[PDB]
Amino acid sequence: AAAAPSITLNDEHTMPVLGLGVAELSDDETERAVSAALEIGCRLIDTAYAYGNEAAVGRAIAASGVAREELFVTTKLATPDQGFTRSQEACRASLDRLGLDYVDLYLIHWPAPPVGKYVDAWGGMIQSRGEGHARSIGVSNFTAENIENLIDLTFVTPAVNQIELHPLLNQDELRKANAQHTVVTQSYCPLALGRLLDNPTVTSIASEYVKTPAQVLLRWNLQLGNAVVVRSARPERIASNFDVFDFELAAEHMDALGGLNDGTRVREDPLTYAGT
């Protein structure tokens, strides 16, 4: 049975509000992390062309005994593959590596404004969705203006905008902008690559609730109304990370975590980053 509730996307598909990402995991690590997550009820798995581990994700899914329709699989289009024709080819290649007939969500990994191809990538992805290769399509690291360009030029609104989001960079404005466009915010790096795990405000709250710092950080993120991707969780951590639905952070503690916001971005800059 599933360990997290789901949120409804603007195309009426549903998506688990908590899932496992496998960025920077080796093939063996990826298989083990996915297997461990599926075993404790995680049903969203988040990978990418760029992580080099879609085949390993595919192996773990194939071995899991979990029915395909109960799984939500996300993968991502790398910037060199952006283009009307090339992004359709890239989608099929990801499916082949995953050993799947479809993915539940296909994301443009970065807008890469200097490259200037992301609108044509989206045009291709609209065809990939029409053909059933991706049931939903969305974006990652997009600004409000990037999303408005997609809507204005292709008439299709992303289902999800997956962005860096944690208390040092709480994305208040972009959260509101996503919502205004009916786009779900999906947070990644919710622990700021671990930099927040020994933050005095975070550890004080964790002590008060008798939870871990990661549980506090994940719960805060969920209570903002975001979907969340747990980053590359080790098998020994994933059950703990998913045990975040049996408590609620009071307003004063949400406010305290809100006060940590200081614009610290630990991943790349959406405005300028043109790599993978």
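Start at 1 and count along the sequence shown; that's the residue number.
Student: Quick one: say whether 39 to 47 or 61 to 69 has the higher mean Cα B-factor in the deposited entry.
Tutor: Between 61 to 69 and 39 to 47, it is 61 to 69 that shows the higher mean C-alpha B-factor.
Student: Which is higher in the entry, the mean Cα B factor of 80 to 88 or that of 163 to 171?
Tutor: Stretch with the higher mean C-alpha B-factor: 163 to 171.
Student: Looking at 97, 181, 135, 117, which one carries the largest C-alpha B-factor according to the PDB entry?
Tutor: Highest C-alpha B-factor among the listed options: 181.
Student: Comparing recorded Cα B-factors across 139, 192, 112, 205, which one is largest?
Tutor: Comparing C-alpha B-factors across 139, 192, 112, 205, the top value belongs to 205.
Student: Quick check for you: using the entry's CA B-factors within this chain, is residue 263 in the lowest, middle or highest third?
Tutor: Its C-alpha B-factor, which the entry lists for residue 263, ranks in the highest third among residues of this chain.
Student: Classify residue 177 as lowest, middle or highest third according to the C-alpha B-factor given in the PDB entry, relative to its own chain.
Tutor: Its C-alpha B-factor belongs to the highest third of this chain's values.
Student: Would the CA B-factor of residue 235 place it in the lowest, middle or highest third of its chain?
Tutor: According to the entry, residue 235 has a C-alpha B-factor in the chain's middle third.
Student: Sorting the chain's CA B-factors, does residue 53 end up in the lowest, middle or highest third?
Tutor: Its C-alpha B-factor belongs to the lowest third of this chain's values.
Student: Where does residue 146 sit by CA temperature factor within its chain: lowest, middle or highest third?
Tutor: For residue 146, whose C-alpha B-factor we compare with every modelled residue in the chain, the answer is the middle third.
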